[PDB]
Structure formats: C-alpha cells, structure tokens
Amino acid sequence: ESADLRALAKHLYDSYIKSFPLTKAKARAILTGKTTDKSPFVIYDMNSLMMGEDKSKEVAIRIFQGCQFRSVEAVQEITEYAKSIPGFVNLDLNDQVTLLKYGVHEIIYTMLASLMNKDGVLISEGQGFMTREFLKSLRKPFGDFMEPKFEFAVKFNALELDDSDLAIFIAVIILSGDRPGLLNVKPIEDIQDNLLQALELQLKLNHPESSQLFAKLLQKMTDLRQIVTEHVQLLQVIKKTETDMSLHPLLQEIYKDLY
Ligand SMILES: CCCCCCCCC(=O)O
Ligand SMILES: CCCCCCCCC(=O)O
Ligand SMILES: CCCCCCCCC(=O)O
C-alpha cells in the first residue's frame, strides 16, 4: 500500500509541475535572492507602478482588473491539474464542474501563499513584486481585498510546505464531497480517502520532525473557507458601486449561486 501511495504522490507532483509554471520553489528563489532566478521589480507606489507598467482610469481599478486576469489564468491551470487527479475525469460531468466551481478559489489562495511573504506578493510570473502596504493603501474597498490573504499566507507559510506537499494537498481540496449540489458523493469521497492517505504518508516522510503537520494542514481549511466568504462579500460591493466594470465570464459562472 505504501508503495502505491508513494506512486500517487509522485504522479501528482509530476502533474503539478507540468500544470503550474511558477512553483513555490521558484517563488522562494526569487524572494530570497537565489542565483537560480532573477530579482523582481518592486512596485510600492504610483510612480514605481508606472515605471513597472511595462512588464478603467484609476490605479485601483486597473490593478483589480489585472489581478482578475491572473485569477482566470489560475483557474485554467487548476482545471488542467484536476484532470490529472486519478478518478476525477471519470466522475459525473456535473460533479466535475461543481468540484471545480467551489474548489478553485481555495486553491488559488493556497498557492498565492507560495508567492507571498510578510511584505508583499510576486506578480507577473515573478518578474514583479507588489508590496502589501501599497495594496492596503488602495481606495476602499479595493484596499481590503489582499490583506486577509496576507494574514493567511504568513500563517500557512509557517508550515514550510514544499511543492510536492502542496500537490497532494490541493488534490485533497478539489475532491471535497461536501460541495453543494454534488450528485454522487461516494465516488468523490473514495478518491479523497486515497489522496488523504497519500498526503499523510508524504508529510510523515518529508517532515519526519514536524509532529501532527497533517492535522495542522487540514485545520488550515477553516481559514481558507473563511477567506472566500469574505472575498465574495467584497465582490458584491464593487458590483453595485462600479456598474461599468465587468467580471470575466469564467469567473462569473464560478461565483453564480455560490453559497
Ligand atoms: C486589488 C487586488 C484585488 C484582487 C481581487 C481578484 C478578484 C477575482 C477573483 O475573485 O478570482
Ligand atoms: C494580487 C494579484 C494576484 C491575485 C490573483 C490571484 C493569483 C492567482 C495565483 O497566483 O495563485
Ligand atoms: C499590475 C496589476 C497586477 C498584475 C497581476 C499579475 C499576476 C499576479 C500574481 O501572480 O499574484
């Protein structure tokens, strides 16, 4: 069984690497000054934004729109990864859609942590770095979007997970049998069972000194789902205050009738 679990962990890490262009490994090399990668241009105000703006008439809106395109791009990457999770594509098509609908954002903020430190977040495939203070200074409610993600990331990052850990963890998230409107819960839970087994052994092997890291990681789901509920509330505000703004269709279908 252990051999089967090792094989599963390796398959997922392989697909993860193939699906996600900017890994945590690379992100850290950029943030911490490694010679394997290149230094980011740092955006911390209006001017540095304009100078860096080489890589709807208001910086706050423009940044939001930009972040929105990246979210769309991420959903595409996550969708591709999901298909590699054994059993996923064999599930009822309606459930596949539902799993992605509720799962993508929890994964987005999980992986966004990889791009974050206390001071800011990597952007533009790691070529840029936008500071936390700059984002927090944006006119309401745009300045309220990222702060909670930073708070979560600082805590999540303390777990010191690597890409091979994350690959299994995000698979676990996708295969959540508690998603609203699931037609066949059992098949989903059977898959998650295996993934959980795989994650458990992976953490034991990769972090033999970090006791109950498995339990601690699973508990991070609480903060994760808290983030999304808060995020949704913020989107509802802008929808009413900025009637000239359009949320990307892919992103609309995700939030439509969400919780
Ligand atoms: C000022 C940065 C705010 C980014 C918000 C991203 C919204 C898109 C999403 O819901 O996936
Ligand atoms: C602040 C811009 C990034 C917010 C959009 C979500 C990014 C997706 C990701 O990189 O995981
Ligand atoms: C110039 C506004 C922000 C651009 C977002 C590009 C990707 C950001 C990220 O990966 O978190």
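The residue numbers of chain A are those assigned by Swiss-Prot, with the residues present covering 235-289, 302-505 sequentially.
Quick check of the header: X-ray crystallography, 2.1 Å.
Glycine is treated like the rest: Cβ placed from N, Cα and C.
If you look up Swiss-Prot, you'll see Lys252 marked as ubiquitin cross-link, on the strength of experimental evidence. Annotation source Swiss-Prot lists rosiglitazone binding site at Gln314, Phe315, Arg316, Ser317, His351, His477, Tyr501. Annotation source Swiss-Prot lists motif '9aaTAD' at 495-503, citing experimental evidence.
Counting in whole angstrom, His351 (rosiglitazone binding site) lies 20 from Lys252 (ubiquitin cross-link) by their C-alpha atoms. Summary: among the recorded positions (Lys252, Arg316, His351, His477), the fewest other C-beta atoms within 10 A of the C-beta are counted at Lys252. Spread of the rosiglitazone binding residues is 16 Å (greatest Cα-Cα distance among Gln314, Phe315, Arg316, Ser317, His351, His477, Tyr501). The Cβ of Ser317 (rosiglitazone binding site) has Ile354, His494, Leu497 as same-chain neighbours under 8 Å, each 6 or more residues away in sequence. When the binding-site residues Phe315, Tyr501 are scored by other C-beta atoms within 10 Å, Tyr501 scores highest. Unmodelled segment: 12 residues between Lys289 and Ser302, spanning 19 Å (Cα to Cα, whole number). Looking only at the binding-site residues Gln314, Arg316, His477, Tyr501, the one with its C-alpha closest to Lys252 (ubiquitin cross-link) is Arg316. Across the motif '9aaTAD' (495-503), DSSP helix (H, G, I), strand (E, B) and coil residues number 7 helix, 0 strand, 2 coil. Checked against ligand 2, the recorded positions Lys252, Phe315, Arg316, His351, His477 give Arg316 as the ones with a Cβ under 6 Å from it, listed in sequence order. Only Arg316, of the binding-site residues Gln314, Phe315, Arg316, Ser317, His351, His477, place a Cβ under 6 Å from an atom of ligand 3. Shown in sequence order, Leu493, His494, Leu497 are the residues of the chain, 6+ apart in sequence, with a C-beta less than 8 angstroms from the C-beta of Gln314 (rosiglitazone binding site).
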